[PDB]
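Given next are two forms of a protein chain, the same chain in both, each as structure tokens and marked structure 1 or structure 2.
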Structure 1
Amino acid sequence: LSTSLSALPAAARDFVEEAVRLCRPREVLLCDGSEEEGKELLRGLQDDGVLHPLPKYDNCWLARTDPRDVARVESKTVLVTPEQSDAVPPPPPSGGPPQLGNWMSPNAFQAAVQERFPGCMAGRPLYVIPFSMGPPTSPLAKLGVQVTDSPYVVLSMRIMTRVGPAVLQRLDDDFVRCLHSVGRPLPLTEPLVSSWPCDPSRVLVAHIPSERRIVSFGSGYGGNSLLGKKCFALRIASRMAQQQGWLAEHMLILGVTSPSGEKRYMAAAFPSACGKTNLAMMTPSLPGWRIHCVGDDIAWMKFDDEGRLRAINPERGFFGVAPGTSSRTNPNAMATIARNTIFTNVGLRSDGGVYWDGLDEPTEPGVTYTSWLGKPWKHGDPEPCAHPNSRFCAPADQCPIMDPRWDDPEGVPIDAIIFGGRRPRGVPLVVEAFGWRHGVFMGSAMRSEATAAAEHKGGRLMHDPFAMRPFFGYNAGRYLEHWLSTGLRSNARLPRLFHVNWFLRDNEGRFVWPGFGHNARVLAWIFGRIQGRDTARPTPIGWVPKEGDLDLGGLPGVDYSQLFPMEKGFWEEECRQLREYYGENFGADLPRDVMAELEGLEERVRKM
């Protein structure tokens, strides 16, 4: 932290000064990303009562938030473009709410800003965060400057991005302008809940691609406040990617090593809270196999001149869902979060440790709990001890399984792309596409039960094409056409496309597939298919593994038949819904090739 801004280059200084003019902070501080800075930020937050120490561990901290500020708010997230059609497909003719992004005009946006931001930082410091996405480096690392009035956001940005001296030395005219405020100028007129500043009814997370700008107001929660992450690395970047010949995707990246010692890399698009983190740092239940983590959330991908799809992880940390994490489900996450980690909305134990449903950290008898509400909690209570969307925020270099190449500027070559979401019935454990166009169709057709990561009724089955529904930075029809065109790249070594489902439910009423480390059995088959092994049989929906080429050894309770349902009625209904969905939400912006693939599916279904 410093009061000198002189280290900022001209363009960055200009942006900071106009943000200072608008918001009227009490003082202005440049962040340097240092250890001493981190300590001073931690102390200040403990004073404010925002952070609580966790003495059981090494430099770990707990925040509790206002119950209204616990997740992303998709209905208050907008794309600001001169023309609506650049942001979103035609508004649904039946008049329902848009499902592929919310357009806001530049004029509506300017008005919205003038109603929220003037004097919003009164009595608060404005922190200047120069940051880099990817090694700074690299390239193609992309740099940004985030201003914020929240020390919590500063600390989280320091974990999740590179901040900020090697960043300062590279920073020029070329950068994202990220403006954030929790939107609670001092003095307060009404009290905070859990010392957590936020303005729920006034929340606005805006993206202005043509200005290389993000403007976020009223929320301190991760997806709304860590502007390099979803806002920049997905929304702004996907628009940049489309015009520059690359891809910015909601995808984990991992390395798989086979018993033969062969290593391949795979990307996987799952919706939020649908298994990316647990897969990316999985400990395989097949000991002849090895997994390495590259990233758990965002992938930037570009074909090299070898025609290979190269992927980097632009992030520096993990912002992972805590509930469910244990030495059974994710022992690699357990090792990662043991030190230098900020927890949000998890339980506090009387022994100075943390708690959530699933955690199996050895605890003494008579240990008591306080919930994310900050109130005493007991095994048996109506609600969970930890919020369903509670988080850990930990630096990636503390993961014991990081791929030797995880911060390699060149990227890793991708041989498989995997789509998947939560589907309780009908959709098999694993399917391989018949080819590129078909796999793009499968991606577009993705549906997944809503989770606690945003404002949707948990359990509601929702379309989520490419797991990108909340994160499109431009017209989703054009995004599909971009994916189609990508596969037409001359001499491209295309990855194979797959669709998985970890979440089929049995009768009754558990999960059919044990998942977690056992997902290595699926990845093994996928790797086999990459190697070109004759291990698949065709179905109306794509290739599936032959029974006997999918390793179910040591899973006596698990039946192949339940993993691979193939019911005509289900798929007839699915086609009907897809037809309805595309028509309402994509309209004329739906690529012909996607409709052609739907017609292909309906035709294969006719044969059943």
Structure 2
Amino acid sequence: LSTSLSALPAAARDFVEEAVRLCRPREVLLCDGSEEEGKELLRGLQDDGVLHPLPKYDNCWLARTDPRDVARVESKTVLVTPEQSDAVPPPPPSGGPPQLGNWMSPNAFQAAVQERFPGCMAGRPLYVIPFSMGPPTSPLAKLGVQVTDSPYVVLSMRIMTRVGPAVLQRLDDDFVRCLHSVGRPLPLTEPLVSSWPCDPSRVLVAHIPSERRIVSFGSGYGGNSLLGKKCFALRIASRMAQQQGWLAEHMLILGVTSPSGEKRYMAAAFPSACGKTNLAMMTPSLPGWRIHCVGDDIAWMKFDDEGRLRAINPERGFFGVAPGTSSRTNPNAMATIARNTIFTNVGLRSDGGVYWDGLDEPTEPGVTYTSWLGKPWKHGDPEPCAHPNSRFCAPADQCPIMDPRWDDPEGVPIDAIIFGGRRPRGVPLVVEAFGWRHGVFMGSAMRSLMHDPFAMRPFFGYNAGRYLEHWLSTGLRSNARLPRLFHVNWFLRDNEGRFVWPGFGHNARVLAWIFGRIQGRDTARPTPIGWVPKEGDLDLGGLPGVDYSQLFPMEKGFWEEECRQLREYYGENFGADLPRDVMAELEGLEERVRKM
């Protein structure tokens, strides 16, 4: 932290001074990303009452939030574009609520800003965070400058992005301007809840792609305040990607190594698994196979000159949902969060550790708990000890299975893209698309039952129909080595209501089959919905009692209903903005189903 701003290049300096004149902070501090700066931030936050130390651990801390500020606020998150159709398709003609993004006119946006930001930082320091999304020397990296009046945001941004000398050295006119305030100018007129400043009634999270800008007011929480997280890495980046010939996606990236030493990378989009345990940190249950994590949330991907789709993880840390995390379910996540981690809204134990539903850390008898609301808590309370959206924020380099190339500036070559869903019947364990357009249709048809095309529903940066068009056009690149496209479902239930598939490390068996399909192996049989493994070409050895036929249902009634639902979904939500190729894939599926 320094009051000297001389190191900022002219455009970044102009942005900072604009924000200073608007917000009227007490002082202005440039962030340098150093260990000493982190200690200073922590000291101030503890003195402020925001952070509680967690002396059970090495350098871990706990924040609690006002209960009104605990998650992204979708209804207050908007895309600002001169033309509404650049942002979103027509509103559902039958009157249903829009589900593919919210639009705000420039006029309305500017008026909203003028009600909120003038003087909003009175009495507070403004912090300047120059940051890189991706290794700063990557040709795929993009830079930002975030100004904020929240030290909690600064600490978390330092974990989640690259903040440091390397960033300032590269900064020029081309960066995303990110303006953030918690919206609680001093002096306060009433006490805070849990020392957590916010202005819930006036929260606004706005994206203005034509101005390379994000503006966020009133929330200190996660996706609303850590402007790299979602606002930049998905919403602004997706529109940049459409304009510049790349892809910005809500996908984990993993490396899979076969027993005999070949390595392939895969990306996967899962809805409602955002922040949760996934494939990316999996300990495989097939001997000899290895899995490494490149990223577990965002993938930025671009074809190289050889036609290979290269991906980077544009983040530097994990911002994961805490409840359900345990040594049993995710030992790699547990290792990651054991030190130098900031926890938000988890329980606090009498021995100086943390608590959430599912945690299996051994504790001595008589250890007691305080909930995220700061109240005594015991098992059986109607309310959970940790808020369901409570978080850890930890550096990625602490994850024991990080891929050697996880921060390689060149990116990793992607050979498969996997879409995920959670369905108790009908949708098989794994299916491969017949080709690119068919695969784009599969991604468009994802569910979470809510539809969540490409796991991007809350995160589109521009018209979702044009996003689908952009995916289709991407497949036309000459000499592209297009990844194969798959859809998976870990969650089928048997004629007794329990899971057919054991999941967890056994999911490596599905990745192994995918791996073979990448290599061109003749290990599939055709069905109305795509290729599936031949019985015996999915490794079920060591899984006695697992019934292949219940993993690969082919139910005509299910698919007839699925097509009816998709037809209604596309009609209402995309209308004429749906690409013809997607409708053609639905029509194709309908006809194959008719004959089945």
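FYI, numbering is relative to structure 1, first residue = 1. If you superpose the two forms and keep the largest set of C-alpha atoms that fall within 1.5 Å, you have the rigid core.
Which of 512, 480, 78, 240 is displaced between structure 1 and structure 2 by 2 angstroms or more at its C-alpha, rigid core aligned: Just 512.
Cα of residue 424 displaced 2 Å or more between structure 1 and structure 2, core superposed? Residue 424: C-alpha displaced by 2 Å or more between structure 1 and structure 2.
Yes/no, residue 537 Cα shift of 2 Å or more between structure 1 and structure 2 with rigid core fixed: Yes, the C-alpha position differs by at least 2 Å between structure 1 and structure 2.
Rigid core superposed, CA of residue 132 - does it shift 2 Å or more between structure 1 and structure 2? No.
After fitting the core, how far does the CA of residue 553 move between structure 1 and structure 2, in Å? Its C-alpha shift, to one decimal, is 4.2 Å.
For residue 328, CA displacement between structure 1 and structure 2 after the core is overlaid, in Å: Spelling it out: core superposed, C-alpha of residue 328 shifted, distance 0.8 Å.
In Å, how large is the C-alpha displacement of residue 379 between structure 1 and structure 2 after the rigid core is aligned? Its alpha carbon moves by 1.2 Å.
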